[PDB]
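Presented below is the structure to which this report refers.
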Amino acid sequence: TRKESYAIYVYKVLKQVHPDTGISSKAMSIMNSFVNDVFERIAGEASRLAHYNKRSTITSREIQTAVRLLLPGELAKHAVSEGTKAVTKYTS
Amino acid sequence: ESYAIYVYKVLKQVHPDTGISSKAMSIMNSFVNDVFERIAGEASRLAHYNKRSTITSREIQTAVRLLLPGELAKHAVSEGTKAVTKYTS
Amino acid sequence: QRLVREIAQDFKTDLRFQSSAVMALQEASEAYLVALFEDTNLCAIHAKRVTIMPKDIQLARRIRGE
Amino acid sequence: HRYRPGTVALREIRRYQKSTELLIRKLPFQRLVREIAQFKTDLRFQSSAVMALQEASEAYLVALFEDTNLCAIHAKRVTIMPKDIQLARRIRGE
Amino acid sequence: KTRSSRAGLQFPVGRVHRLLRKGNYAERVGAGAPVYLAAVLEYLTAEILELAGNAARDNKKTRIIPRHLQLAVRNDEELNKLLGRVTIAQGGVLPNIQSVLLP
Amino acid sequence: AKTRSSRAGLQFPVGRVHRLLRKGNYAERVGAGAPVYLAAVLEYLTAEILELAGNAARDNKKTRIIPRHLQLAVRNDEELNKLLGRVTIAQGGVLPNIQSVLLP
Amino acid sequence: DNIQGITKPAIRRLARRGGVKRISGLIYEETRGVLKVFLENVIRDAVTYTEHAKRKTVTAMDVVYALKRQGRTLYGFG
Amino acid sequence: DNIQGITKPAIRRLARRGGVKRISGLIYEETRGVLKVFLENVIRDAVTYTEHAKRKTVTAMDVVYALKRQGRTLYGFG
DNA sequence: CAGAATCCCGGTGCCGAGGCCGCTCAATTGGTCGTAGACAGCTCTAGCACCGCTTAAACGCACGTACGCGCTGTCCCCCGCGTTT
DNA sequence: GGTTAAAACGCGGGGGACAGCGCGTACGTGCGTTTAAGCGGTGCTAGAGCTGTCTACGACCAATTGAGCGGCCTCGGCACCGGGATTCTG
C-alpha cells in the first residue's frame with residue numbers, strides 16, 4: 001500500500017541549494033522526521049492560539065504568531081519574510 | 001463558572017468541620033483544569049495513533065495508566081471502572 | 001514594577017499592565033531564583049566550600065541546561 | 001616501549017569522538033531488554049525497536065557522563081566518582 | 001435525573017462531556033469517557049484535600065491555605081512526581097538545612 | 001490550470017499541507033493562506049539546514065550527505081542548536097571536545 | 001538603572017530562603033544578570049501574546065501562558 | 001542476570017566518548033543501575049502502547065512515542 | 001632517536017543513490033451556501049497620576065575570626081600492557 | 001555451526017586522591033544615618049467590555065486529470081585493503 005513522504009521535495013530543494021550533492025537514505029529519513037516535527041509543533045501552537053481567542057479558523061495571522069513564538073532570533077525574522085513574500089505573490 | 005461548589009462538596013465528605021480559603025480554591029481550580037487538559041490531550045493522541053474517530057473509556061484508561069504514577073494509577077483505574085460499571089448497572 | 005516596565009518598553013511602547021500580571025511575574029521570578037540558589041548551594045557543598053561562588057551558579061545553569 | 005599513563009587515554013578519547021559506531025554489543029543488550037521486558041509475558045519485538053533503544057541509551061549515557069566530567073573538573077579532580085554522577089542527576093532533576 | 005446521580009459521583013459529568021465535545025480532541029466521544037474522567041478527577045481532588053486537611057490539623061488551623069497545599073503535595077512521594085514542574089503562589093518551600101552547615 | 005505551489009512560487013506541496021491541516025483536528029476551519037505560509041516556512045528551514053549540511057560535506061570531502069554531517073551542521077549553528085536542543089540523531093555521534101585541563 | 005533596585009539585602013533574603021549560609025560578593029550582580037535574562041524572555045513572550053490578541057493592556061493570563069510555554073506552570077492566577 | 005553483559009570495556013568506551021580521562025572503579029555499578037532504570041521506564045511505556053494497540057509485537061514507532069513522551073525525540077526511525 | 005600511530009597514494013569492486021517508466025488518488029476548478037467575525041456603536045472601572053504621610057528598609061561603617069587557600073607528605077588505585085578464556 | 005573480536009584476569013608502578021597545617025582577609029555581627037517603600041486619599045480616563053449588521057470567507061459538492069508513490073534496472077561514490085612516508089611520544 002502506498003504511503004506519503006517528503007523525499008522528492010527535499011531532493012528538489014537540495015538540487016537548488018547544491019547542484020552537485022547527494023543525500024543518503026538515512027539522511028532523507030531524518031529530514032522527514034524533522035519536517036514532520038516542525039509541522040506538528042507549529043500546527044499545535046496555532047491551534048492553541050486559535051483556541052485562546054475563540055476562533056473557528058486558523059489563518060495566516062495565527063501561523064505567523066506561532067512561528068514568531070517558536071523560532072529564536074533572526075531565523076524567525078527570515079521565516080516571516082519568506083512566508084509574507086510567498087503569500088503576497090500568491091494573492092496576485 | 002468553575003468547580004468551586006463541587007470542590008466544597010468533595011471537601012465536606014473527607015473533612016466535615018473545616019474550611020478553605022479562596023486562594024486555595026483557585027489553586028484547586030487550576031489543578032483540576034490542568035489534569036483535565038493533560039488527560040484529554042493524551043487521549044486525543046492515542047485516538048490518533050490508531051486512526052479511530054472516537055475517544056472511549058478504554059482510551060481514557062490508557063491515558064491515565066500512562067500519565068499517573070503506579071499506586072495512584074491503580075486506584076484511579078479502580079474508581080473509574082467502578083463508576084462506569086455503576087453508570088450502566 | 002519599575003524594572004518590569006523598563007524592560008517591557010523595549011518590545012512595545014506605551015503599554016499597560018495588570019496588577020495580577022505583575023504579581024505573577026514576581027512569584028515566578030522568586031521561585032526561579034529560589035530553585036537556582038537551592039541547586040547552587042548543593043554545587044558549592046560538593047566543592048567542599050561554605051561560601052557560594054559565581055562559578056557554582058554557572059555550573060548549576062550549565063548542568064541544568066541554561 | 002610504553003606510552004605514559006593518560007596518553008593512550010587521550011588517543012582513545014579522540015578516536016572515539018571521531019567515530020560514530022555503537023559501543024555496546026548487540027547480543028548482550030538484546031538479552032537484557034528481553035529479560036527486563038517480562039510487564040507482559042511472551043512478547044515479540046521488531047529489530048528496529050532494539051536499535052532505537054540502543055541508540056537512545058547510548059546517547060543518554062554520553063550526555064550524563066559529560067555532566068559527570070564537568071562536575072569532577074569543578075571538584076578539581078581528574079577521576080570521576082559516583083558522587084559526581086549523583087550530583088549530576090540531582091541537579092538534572094531526576 | 002443527573003448522570004452524576006446515576007454514576008454516584010460528585011463532579012458534573014455533563015460539563016465534562018460538553019468540554020470534550022467542544023475542545024477539539026476528536027470526532028466522537030464514547031458515553032463512558034466523561035464518567036471515567038470525572039471519577040478520576042474526583043479521586044485526585046479527594047486525595048489532595050485529604051492531605052491538605054491533615055496538614056492543616058497538624059498546625060491547629062481550620063481553613064486550608066496555600067502553604068498547607070504546598071506542604072501536603074511536597075510531603076508526598078507520588079504527588080510531588082506528578083506536580084514536579086508546578087509552582088504554587090504563596091506556597092514557599094520545605095524547611096531543611098544541610099548537615100554540613102550545622103555546628 | 002496551475003498548481004497552488006506554482007501559483008505561490010514554492011517547492012513544498014501546498015495541497016498536502018492543507019489536507020493534513022483539515023484532517024488533523026486543529027480547528028473547525030483552515031485559512032486559505034495558512035498552508036502557503038507554512039509551506040514557505042518549512043521550505044526555508046529545509047534550505048537553511050541543507051546549506052550547512054552541504055558545507056559540512058564539502059569540508060569533509062564527500063559527495064553524499066550523511067547523518068554525521070547533519071549532526072555537525074546542526075550543532076555547529078547556534079540558532080539550530082537552540083531549536084533542536086532536545087533531539088537525538090541516530091548515528092550522529094558527538095562533537096570533538098576535550099577540556100583544556102585534561103591535556104598538558 | 002532600575003536593575004539596581006533589586007537590593008543587596010533582597011538577594012541575601014532570597015539566598016537565606018534557599019538555604020545559603022555565606023554569600024560571596026559577586027553573587028549579586030550575577031543574580032541581577034540572570035533575573036534580567038529570565039524576565040526578558042518571559043516578557044517577550046507575554047507581549048507577543050498581547051500583540052496577537054490586539055490588546056494594549058497585558059493580562060495576567062498572558063503571563064500564565066508564557067510561563068507555561070517556558071515550562072513552569074503557575075497555580076493561582078487563573 | 002543479563003545486566004552484567006554491559007561490560008567494563010563498553011562503559012569505558014562510552015566514557016571515552018564522553019570525554020573522561022580517568023575512571024574510578026565504582027562507576028560501573030552506578031552506570032548499570034541508571035541504565036536499568038531508564039530502560040525500565042521506556043520499556044514500560046512501550047509495552048503500555050503495545051497492549052493498548054492489541055499487538056503481540058512491540059513496534060519501533062511505539063519506542064519512538066515513549067521517547068517523545070519522556071522528551072527525547074529520536075530521529076531516524078520514522 | 002627508537003618505535004608506536006598516523007596519514008598518504010593507489011587499486012579493487014560493490015551496494016546504495018539514482019533515472020526511467022506506470023498508474024492511483026488526490027489536487028484543481030467551477031459553483032452553492034451558511035455564518036464567522038470584522039466591524040460599528042455605547043458603557044465604565046482598574047490602571048495610572050499627584051499628594052501628604054508613616055515608617056519599613058537599605059546602606060555605610062567598625063572590626064573579628066571563620067574559612068578559603070596554598071603547600072606538603074604519602075599511600076590508595078587506576079592505567080597500561082600482557083595473557084587467557 | 002564456525003571465526004575471531006572481545007572480555008576478563010595479573011602485574012608493575014605511576015597518578016592523583018587524601019589528611020593535615022599555617023596563613024590572609026572576606027564576609028559576618030553590630031551600629032547609626034539616610035532613603036524611599038508602602039498608605040490612603042482624590043481624581044481622570046484608556047481601554048476592556050457588552051450590543052448588533054452583513055458580506056467575506058471557508059466548507060462542501062462534481063467533474064476533471066496529472067502529480068506522486070512505486071517497481072526495475074543502472075552505475076559510480078565509497079569503503080576496504082595494501083605498501084609506504086611521516087608525527088609524536090618517551
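To be explicit about the labels: the chains of the C-alpha cells are called A, B, and onward in the order shown, and within each one the residues are counted from 1, while ligands get numbers from 1 in the order they are shown.
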
Need the shell around residue C:42: protein/DNA/RNA residues with any atom at most 9 Å away, counting only C-alpha atoms (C1' of nucleotides). Skip same-chain ones fewer than 5 positions apart. Format as a VMD selection string? (chain C and resid 37 47 56) or (chain D and resid 87 91) or (chain E and resid 98)

Show me, as a ChimeraX atom specification, the residues that have an atom within 9 Å of residue B:67 when counting only C-alpha atoms (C1' of nucleotides), minus same-chain residues fewer than 5 positions from it. /B:38-39,42,62,73 /E:82

Overlay target chain G, mobile chain H, all C-alpha paired in order, as an mmCIF file with C-alpha atoms, in the first residue's frame:
data_model
loop_
_atom_site.group_PDB
_atom_site.id
_atom_site.type_symbol
_atom_site.label_atom_id
_atom_site.label_comp_id
_atom_site.auth_asym_id
_atom_site.auth_seq_id
_atom_site.Cartn_x
_atom_site.Cartn_y
_atom_site.Cartn_z
ATOM 1 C CA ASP H 1 18.769 51.788 35.561
ATOM 2 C CA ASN H 2 16.120 50.037 37.659
ATOM 3 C CA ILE H 3 18.021 46.745 37.869
ATOM 4 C CA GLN H 4 19.932 48.264 40.785
ATOM 5 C CA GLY H 5 16.613 48.289 42.649
ATOM 6 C CA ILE H 6 17.017 44.564 43.343
ATOM 7 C CA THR H 7 18.927 45.338 46.499
ATOM 8 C CA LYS H 8 21.641 43.371 48.269
ATOM 9 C CA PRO H 9 19.375 42.763 51.306
ATOM 10 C CA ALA H 10 16.717 41.322 48.991
ATOM 11 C CA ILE H 11 19.146 38.919 47.325
ATOM 12 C CA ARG H 12 20.554 37.949 50.714
ATOM 13 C CA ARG H 13 17.039 37.191 51.971
ATOM 14 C CA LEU H 14 16.303 35.093 48.886
ATOM 15 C CA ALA H 15 19.529 33.154 49.388
ATOM 16 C CA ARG H 16 18.660 32.632 53.042
ATOM 17 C CA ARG H 17 15.370 31.158 51.874
ATOM 18 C CA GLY H 18 17.472 29.011 49.568
ATOM 19 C CA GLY H 19 19.535 27.671 52.441
ATOM 20 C CA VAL H 20 22.809 29.525 51.892
ATOM 21 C CA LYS H 21 24.914 30.290 54.952
ATOM 22 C CA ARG H 22 27.797 32.344 53.500
ATOM 23 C CA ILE H 23 27.515 34.610 50.448
ATOM 24 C CA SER H 24 30.356 35.911 48.303
ATOM 25 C CA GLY H 25 30.472 39.556 47.343
ATOM 26 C CA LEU H 26 30.195 38.877 43.598
ATOM 27 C CA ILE H 27 26.907 36.965 43.594
ATOM 28 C CA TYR H 28 24.695 40.012 43.204
ATOM 29 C CA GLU H 29 25.673 41.054 39.662
ATOM 30 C CA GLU H 30 25.330 37.503 38.384
ATOM 31 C CA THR H 31 21.945 37.236 40.051
ATOM 32 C CA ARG H 32 20.896 40.532 38.476
ATOM 33 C CA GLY H 33 21.966 39.312 35.053
ATOM 34 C CA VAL H 34 20.095 36.025 35.415
ATOM 35 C CA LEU H 35 16.936 37.720 36.649
ATOM 36 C CA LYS H 36 17.127 40.164 33.754
ATOM 37 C CA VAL H 37 17.451 37.364 31.197
ATOM 38 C CA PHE H 38 14.555 35.390 32.648
ATOM 39 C CA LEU H 39 12.281 38.426 32.862
ATOM 40 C CA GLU H 40 13.196 39.444 29.321
ATOM 41 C CA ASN H 41 12.260 36.035 27.933
ATOM 42 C CA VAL H 42 8.963 35.863 29.790
ATOM 43 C CA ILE H 43 8.016 39.459 29.006
ATOM 44 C CA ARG H 44 8.845 39.004 25.334
ATOM 45 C CA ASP H 45 6.476 36.061 25.172
ATOM 46 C CA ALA H 46 3.793 37.938 27.106
ATOM 47 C CA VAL H 47 4.049 40.958 24.818
ATOM 48 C CA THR H 48 3.853 38.653 21.816
ATOM 49 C CA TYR H 49 0.615 37.193 23.126
ATOM 50 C CA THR H 50 -0.750 40.665 23.849
ATOM 51 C CA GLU H 51 0.070 41.988 20.384
ATOM 52 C CA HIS H 52 -1.592 38.969 18.812
ATOM 53 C CA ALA H 53 -4.637 39.552 21.015
ATOM 54 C CA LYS H 54 -4.908 43.185 19.830
ATOM 55 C CA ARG H 55 -4.686 44.505 23.394
ATOM 56 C CA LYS H 56 -3.008 47.535 24.904
ATOM 57 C CA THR H 57 -3.109 45.970 28.370
ATOM 58 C CA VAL H 58 -1.013 42.914 29.209
ATOM 59 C CA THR H 59 -3.244 40.487 31.086
ATOM 60 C CA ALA H 60 -2.211 37.976 33.731
ATOM 61 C CA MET H 61 -3.409 35.029 31.660
ATOM 62 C CA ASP H 62 -0.805 36.040 29.084
ATOM 63 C CA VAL H 63 1.931 35.777 31.710
ATOM 64 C CA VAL H 64 0.571 32.381 32.701
ATOM 65 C CA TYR H 65 0.559 31.215 29.085
ATOM 66 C CA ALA H 66 4.173 32.312 28.602
ATOM 67 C CA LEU H 67 5.250 30.509 31.758
ATOM 68 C CA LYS H 68 3.408 27.402 30.582
ATOM 69 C CA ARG H 69 5.220 27.789 27.261
ATOM 70 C CA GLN H 70 8.573 27.787 29.033
ATOM 71 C CA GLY H 71 7.519 25.039 31.451
ATOM 72 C CA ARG H 72 6.773 26.676 34.785
ATOM 73 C CA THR H 73 2.997 26.247 35.121
ATOM 74 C CA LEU H 74 2.220 28.803 37.796
ATOM 75 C CA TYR H 75 -0.956 28.142 39.771
ATOM 76 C CA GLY H 76 -3.137 30.709 41.494
ATOM 77 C CA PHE H 77 -3.748 33.235 38.707
ATOM 78 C CA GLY H 78 -6.351 31.358 36.684
#

Considering only C-alpha atoms (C1' of nucleotides), return as a PDB file with N, CA, C and O atoms, in the first residue's frame whatever protein or nucleic-acid residues lie within 9 Å of stretch 25-31 of chain B, sequence-local ones (same chain, fewer than 5 positions apart) excluded.
ATOM      1  N   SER B   2     -17.018  27.561  37.415  1.00  0.00           N
ATOM      2  CA  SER B   2     -15.811  26.887  37.876  1.00  0.00           C
ATOM      3  C   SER B   2     -16.234  25.635  38.637  1.00  0.00           C
ATOM      4  O   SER B   2     -17.390  25.207  38.555  1.00  0.00           O
ATOM      5  N   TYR B   3     -15.299  25.044  39.381  1.00  0.00           N
ATOM      6  CA  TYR B   3     -15.557  23.826  40.138  1.00  0.00           C
ATOM      7  C   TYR B   3     -15.663  24.076  41.638  1.00  0.00           C
ATOM      8  O   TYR B   3     -15.606  23.127  42.428  1.00  0.00           O
ATOM      9  N   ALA B   4     -15.862  25.329  42.045  1.00  0.00           N
ATOM     10  CA  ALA B   4     -15.760  25.672  43.459  1.00  0.00           C
ATOM     11  C   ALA B   4     -16.757  24.883  44.294  1.00  0.00           C
ATOM     12  O   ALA B   4     -16.381  24.233  45.279  1.00  0.00           O
ATOM     13  N   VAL B   7     -15.829  21.315  44.522  1.00  0.00           N
ATOM     14  CA  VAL B   7     -14.721  21.100  45.440  1.00  0.00           C
ATOM     15  C   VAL B   7     -15.221  21.105  46.877  1.00  0.00           C
ATOM     16  O   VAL B   7     -14.862  20.235  47.679  1.00  0.00           O
ATOM     17  N   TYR B   8     -16.069  22.077  47.222  1.00  0.00           N
ATOM     18  CA  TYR B   8     -16.638  22.103  48.566  1.00  0.00           C
ATOM     19  C   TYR B   8     -17.327  20.785  48.876  1.00  0.00           C
ATOM     20  O   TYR B   8     -17.034  20.136  49.887  1.00  0.00           O
ATOM     21  N   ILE B  20     -11.774  26.435  53.796  1.00  0.00           N
ATOM     22  CA  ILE B  20     -10.767  26.560  52.752  1.00  0.00           C
ATOM     23  C   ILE B  20     -10.840  27.974  52.203  1.00  0.00           C
ATOM     24  O   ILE B  20     -11.929  28.523  52.006  1.00  0.00           O
ATOM     25  N   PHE B  36      -7.233  17.820  33.718  1.00  0.00           N
ATOM     26  CA  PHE B  36      -8.166  17.550  32.633  1.00  0.00           C
ATOM     27  C   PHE B  36      -7.499  17.761  31.285  1.00  0.00           C
ATOM     28  O   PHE B  36      -7.637  16.936  30.376  1.00  0.00           O
TER      29      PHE B  36
ATOM     30  N   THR E  45      -8.898  14.897  43.488  1.00  0.00           N
ATOM     31  CA  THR E  45      -9.267  16.021  44.332  1.00  0.00           C
ATOM     32  C   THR E  45      -9.421  15.581  45.776  1.00  0.00           C
ATOM     33  O   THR E  45      -8.959  16.265  46.695  1.00  0.00           O
ATOM     34  N   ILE E  48      -5.984  15.043  47.339  1.00  0.00           N
ATOM     35  CA  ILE E  48      -5.306  16.300  47.631  1.00  0.00           C
ATOM     36  C   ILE E  48      -5.924  16.951  48.856  1.00  0.00           C
ATOM     37  O   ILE E  48      -5.219  17.397  49.766  1.00  0.00           O
ATOM     38  N   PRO E  66      -2.779  28.079  51.059  1.00  0.00           N
ATOM     39  CA  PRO E  66      -1.830  27.591  50.048  1.00  0.00           C
ATOM     40  C   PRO E  66      -0.581  26.962  50.636  1.00  0.00           C
ATOM     41  O   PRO E  66      -0.052  26.002  50.060  1.00  0.00           O
ATOM     42  N   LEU E  69      -1.384  23.396  51.212  1.00  0.00           N
ATOM     43  CA  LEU E  69      -1.353  22.633  49.971  1.00  0.00           C
ATOM     44  C   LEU E  69       0.077  22.319  49.575  1.00  0.00           C
ATOM     45  O   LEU E  69       0.384  21.200  49.147  1.00  0.00           O
ATOM     46  N   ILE E  88       3.437  26.914  43.011  1.00  0.00           N
ATOM     47  CA  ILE E  88       2.238  27.319  43.734  1.00  0.00           C
ATOM     48  C   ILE E  88       2.478  28.692  44.345  1.00  0.00           C
ATOM     49  O   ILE E  88       3.409  28.874  45.141  1.00  0.00           O
ATOM     50  N   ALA E  89       1.632  29.654  43.989  1.00  0.00           N
ATOM     51  CA  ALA E  89       1.785  31.006  44.505  1.00  0.00           C
ATOM     52  C   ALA E  89       1.607  31.012  46.014  1.00  0.00           C
ATOM     53  O   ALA E  89       0.756  30.305  46.559  1.00  0.00           O
TER      54      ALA E  89
ATOM     55  N   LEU G  74       2.087  27.730  36.689  1.00  0.00           N
ATOM     56  CA  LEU G  74       1.816  28.533  37.873  1.00  0.00           C
ATOM     57  C   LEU G  74       0.352  28.366  38.249  1.00  0.00           C
ATOM     58  O   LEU G  74      -0.533  28.586  37.416  1.00  0.00           O
ATOM     59  N   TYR G  75       0.099  27.964  39.491  1.00  0.00           N
ATOM     60  CA  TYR G  75      -1.255  27.843  40.012  1.00  0.00           C
ATOM     61  C   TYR G  75      -1.584  29.056  40.869  1.00  0.00           C
ATOM     62  O   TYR G  75      -0.794  29.444  41.736  1.00  0.00           O
ATOM     63  N   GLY G  76      -2.754  29.640  40.631  1.00  0.00           N
ATOM     64  CA  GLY G  76      -3.245  30.715  41.469  1.00  0.00           C
ATOM     65  C   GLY G  76      -3.785  31.899  40.698  1.00  0.00           C
ATOM     66  O   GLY G  76      -4.776  32.511  41.106  1.00  0.00           O
ATOM     67  N   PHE G  77      -3.157  32.227  39.573  1.00  0.00           N
ATOM     68  CA  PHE G  77      -3.539  33.389  38.790  1.00  0.00           C
ATOM     69  C   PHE G  77      -4.422  33.023  37.610  1.00  0.00           C
ATOM     70  O   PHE G  77      -4.460  33.756  36.617  1.00  0.00           O
ATOM     71  N   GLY G  78      -5.136  31.907  37.702  1.00  0.00           N
ATOM     72  CA  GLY G  78      -6.061  31.510  36.660  1.00  0.00           C
ATOM     73  C   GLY G  78      -7.425  32.141  36.848  1.00  0.00           C
ATOM     74  O   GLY G  78      -8.394  31.753  36.197  1.00  0.00           O
TER      75      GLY G  78
END

Taking only chain C into account, list the residues labelled helix (DSSP H, G or I) by DSSP (computed from the backbone), as a ChimeraX atom specification. /C:2-8,19-46,54-64

Could the residues of chain D within 9 Å of chain F, counting only C-alpha atoms, be given as a count of residues only, please? 18

Step one, run DSSP on the backbone; step two, keep only residues of stretch 12-77 of chain G assigned to strand (DSSP E or B); then write them as a list in words.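 Going through stretch 12-77 of chain G, the strand (DSSP E or B) residues come out as residues 22, 23, 57, 58, 73, 74 and 75 of chain G.
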
Up to 12 Å from chain D, what residues of chain J turn up? Count only C-alpha atoms (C1' of nucleotides) and give them as a PDB file with N, CA, C and O atoms (P, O5', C5', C4', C3', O3' and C1' of nucleotides), in the first residue's frame.
ATOM      1  P    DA J   5      39.307 -10.395  14.471  1.00  0.00           P
ATOM      2  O5'  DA J   5      38.315  -9.487  15.328  1.00  0.00           O
ATOM      3  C5'  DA J   5      36.953  -9.406  14.986  1.00  0.00           C
ATOM      4  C4'  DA J   5      36.122  -9.130  16.222  1.00  0.00           C
ATOM      5  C3'  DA J   5      36.602  -7.937  17.040  1.00  0.00           C
ATOM      6  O3'  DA J   5      35.541  -7.197  17.594  1.00  0.00           O
ATOM      7  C1'  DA J   5      36.819  -9.946  18.324  1.00  0.00           C
ATOM      8  P    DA J   6      35.881  -6.017  18.630  1.00  0.00           P
ATOM      9  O5'  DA J   6      35.669  -6.703  20.060  1.00  0.00           O
ATOM     10  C5'  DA J   6      34.600  -7.618  20.252  1.00  0.00           C
ATOM     11  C4'  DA J   6      34.647  -8.235  21.633  1.00  0.00           C
ATOM     12  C3'  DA J   6      35.054  -7.272  22.739  1.00  0.00           C
ATOM     13  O3'  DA J   6      33.936  -6.958  23.556  1.00  0.00           O
ATOM     14  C1'  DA J   6      36.197  -9.404  22.905  1.00  0.00           C
ATOM     15  P    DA J   7      34.106  -5.963  24.800  1.00  0.00           P
ATOM     16  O5'  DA J   7      34.282  -6.953  26.038  1.00  0.00           O
ATOM     17  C5'  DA J   7      33.384  -8.019  26.201  1.00  0.00           C
ATOM     18  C4'  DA J   7      33.872  -8.957  27.278  1.00  0.00           C
ATOM     19  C3'  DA J   7      34.236  -8.244  28.572  1.00  0.00           C
ATOM     20  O3'  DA J   7      33.573  -8.803  29.695  1.00  0.00           O
ATOM     21  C1'  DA J   7      36.084  -9.568  27.771  1.00  0.00           C
ATOM     22  P    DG J  12      54.555  -7.376  39.923  1.00  0.00           P
ATOM     23  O5'  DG J  12      54.758  -6.067  39.029  1.00  0.00           O
ATOM     24  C5'  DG J  12      55.554  -6.114  37.867  1.00  0.00           C
ATOM     25  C4'  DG J  12      55.698  -4.728  37.269  1.00  0.00           C
ATOM     26  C3'  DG J  12      56.244  -3.679  38.230  1.00  0.00           C
ATOM     27  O3'  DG J  12      57.033  -2.708  37.535  1.00  0.00           O
ATOM     28  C1'  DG J  12      54.043  -3.102  37.622  1.00  0.00           C
ATOM     29  P    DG J  13      58.065  -1.759  38.327  1.00  0.00           P
ATOM     30  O5'  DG J  13      57.245  -0.408  38.557  1.00  0.00           O
ATOM     31  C5'  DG J  13      56.810   0.346  37.454  1.00  0.00           C
ATOM     32  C4'  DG J  13      55.889   1.462  37.897  1.00  0.00           C
ATOM     33  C3'  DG J  13      56.347   2.177  39.173  1.00  0.00           C
ATOM     34  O3'  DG J  13      56.168   3.596  39.061  1.00  0.00           O
ATOM     35  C1'  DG J  13      54.163   1.491  39.418  1.00  0.00           C
ATOM     36  P    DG J  14      57.215   4.510  38.252  1.00  0.00           P
ATOM     37  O5'  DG J  14      56.314   5.678  37.647  1.00  0.00           O
ATOM     38  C5'  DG J  14      55.743   5.548  36.372  1.00  0.00           C
ATOM     39  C4'  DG J  14      54.323   6.078  36.381  1.00  0.00           C
ATOM     40  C3'  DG J  14      54.177   7.493  36.942  1.00  0.00           C
ATOM     41  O3'  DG J  14      53.255   8.258  36.188  1.00  0.00           O
ATOM     42  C1'  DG J  14      52.888   5.996  38.229  1.00  0.00           C
ATOM     43  P    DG J  15      52.956   9.785  36.591  1.00  0.00           P
ATOM     44  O5'  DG J  15      51.418   9.765  36.984  1.00  0.00           O
ATOM     45  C5'  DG J  15      50.503   9.068  36.186  1.00  0.00           C
ATOM     46  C4'  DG J  15      49.091   9.278  36.697  1.00  0.00           C
ATOM     47  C3'  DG J  15      48.791  10.712  37.102  1.00  0.00           C
ATOM     48  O3'  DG J  15      47.448  11.085  36.777  1.00  0.00           O
ATOM     49  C1'  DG J  15      48.723   9.291  39.023  1.00  0.00           C
ATOM     50  P    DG J  16      46.938  12.593  37.017  1.00  0.00           P
ATOM     51  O5'  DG J  16      46.207  12.538  38.441  1.00  0.00           O
ATOM     52  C5'  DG J  16      45.219  11.556  38.694  1.00  0.00           C
ATOM     53  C4'  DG J  16      44.974  11.407  40.179  1.00  0.00           C
ATOM     54  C3'  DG J  16      44.709  12.735  40.895  1.00  0.00           C
ATOM     55  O3'  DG J  16      43.633  12.619  41.836  1.00  0.00           O
ATOM     56  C1'  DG J  16      46.402  11.587  41.962  1.00  0.00           C
ATOM     57  P    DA J  17      42.097  12.706  41.374  1.00  0.00           P
ATOM     58  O5'  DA J  17      41.299  12.163  42.650  1.00  0.00           O
ATOM     59  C5'  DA J  17      41.300  10.785  42.945  1.00  0.00           C
ATOM     60  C4'  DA J  17      41.631  10.536  44.410  1.00  0.00           C
ATOM     61  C3'  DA J  17      40.986  11.510  45.396  1.00  0.00           C
ATOM     62  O3'  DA J  17      40.295  10.815  46.405  1.00  0.00           O
ATOM     63  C1'  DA J  17      43.347  11.374  45.769  1.00  0.00           C
ATOM     64  P    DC J  18      39.299  11.608  47.382  1.00  0.00           P
ATOM     65  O5'  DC J  18      40.145  11.835  48.715  1.00  0.00           O
ATOM     66  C5'  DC J  18      40.600  10.720  49.446  1.00  0.00           C
ATOM     67  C4'  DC J  18      41.714  11.107  50.393  1.00  0.00           C
ATOM     68  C3'  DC J  18      41.363  12.210  51.386  1.00  0.00           C
ATOM     69  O3'  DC J  18      40.989  11.659  52.661  1.00  0.00           O
ATOM     70  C1'  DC J  18      43.631  12.344  50.526  1.00  0.00           C
ATOM     71  P    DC J  88      52.650  16.512  15.540  1.00  0.00           P
ATOM     72  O5'  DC J  88      52.931  15.404  16.657  1.00  0.00           O
ATOM     73  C5'  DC J  88      51.997  14.367  16.885  1.00  0.00           C
ATOM     74  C4'  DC J  88      52.583  13.313  17.803  1.00  0.00           C
ATOM     75  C3'  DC J  88      53.180  13.845  19.113  1.00  0.00           C
ATOM     76  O3'  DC J  88      52.312  13.588  20.215  1.00  0.00           O
ATOM     77  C1'  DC J  88      54.504  12.105  18.086  1.00  0.00           C
ATOM     78  P    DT J  89      52.680  14.139  21.679  1.00  0.00           P
ATOM     79  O5'  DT J  89      53.300  12.864  22.409  1.00  0.00           O
ATOM     80  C5'  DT J  89      52.580  11.649  22.408  1.00  0.00           C
ATOM     81  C4'  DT J  89      53.480  10.487  22.772  1.00  0.00           C
ATOM     82  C3'  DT J  89      54.187  10.647  24.118  1.00  0.00           C
ATOM     83  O3'  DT J  89      53.899   9.551  24.968  1.00  0.00           O
ATOM     84  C1'  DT J  89      55.730  10.031  22.420  1.00  0.00           C
ATOM     85  P    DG J  90      54.099   9.675  26.557  1.00  0.00           P
ATOM     86  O5'  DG J  90      55.519   9.001  26.833  1.00  0.00           O
ATOM     87  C5'  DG J  90      55.757   7.671  26.421  1.00  0.00           C
ATOM     88  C4'  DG J  90      57.239   7.364  26.411  1.00  0.00           C
ATOM     89  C3'  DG J  90      57.992   7.817  27.663  1.00  0.00           C
ATOM     90  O3'  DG J  90      58.694   6.703  28.259  1.00  0.00           O
ATOM     91  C1'  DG J  90      59.073   8.582  25.687  1.00  0.00           C
TER      92       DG J  90
END

Distance filter 12 Å, only C-alpha atoms, chain E against chain D, as a PDB file with N, CA and C atoms, in the first residue's frame:
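Output (result-v1.pdb):
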ATOM      1  N   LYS E  81       6.003  13.905  42.341  1.00  0.00           N
ATOM      2  CA  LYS E  81       6.353  13.478  40.996  1.00  0.00           C
ATOM      3  C   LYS E  81       5.336  13.988  39.990  1.00  0.00           C
ATOM      4  N   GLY E  84       5.817  18.003  39.748  1.00  0.00           N
ATOM      5  CA  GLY E  84       7.193  18.448  39.873  1.00  0.00           C
ATOM      6  C   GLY E  84       7.448  19.806  39.251  1.00  0.00           C
ATOM      7  N   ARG E  85       6.799  20.099  38.126  1.00  0.00           N
ATOM      8  CA  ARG E  85       7.046  21.321  37.372  1.00  0.00           C
ATOM      9  C   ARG E  85       5.976  22.381  37.596  1.00  0.00           C
TER      10      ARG E  85
END

Write down, as a PyMOL selection string, each residue of chain I that has any atom within 10 Å of an atom of chain H, counting only C-alpha atoms (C1' of nucleotides). chain I and resi 77-79

Print the selection's residues with C-alpha atoms (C1' of nucleotides) to a file, as a PDB file, in the first residue's frame.
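The result, stored in part_6.pdb:
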ATOM      1  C1'  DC I  77      44.114   2.684  42.903  1.00  0.00           C
ATOM      2  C1'  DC I  78      43.969   3.340  38.339  1.00  0.00           C
ATOM      3  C1'  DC I  79      46.080   2.836  33.724  1.00  0.00           C
TER       4       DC I  79
END
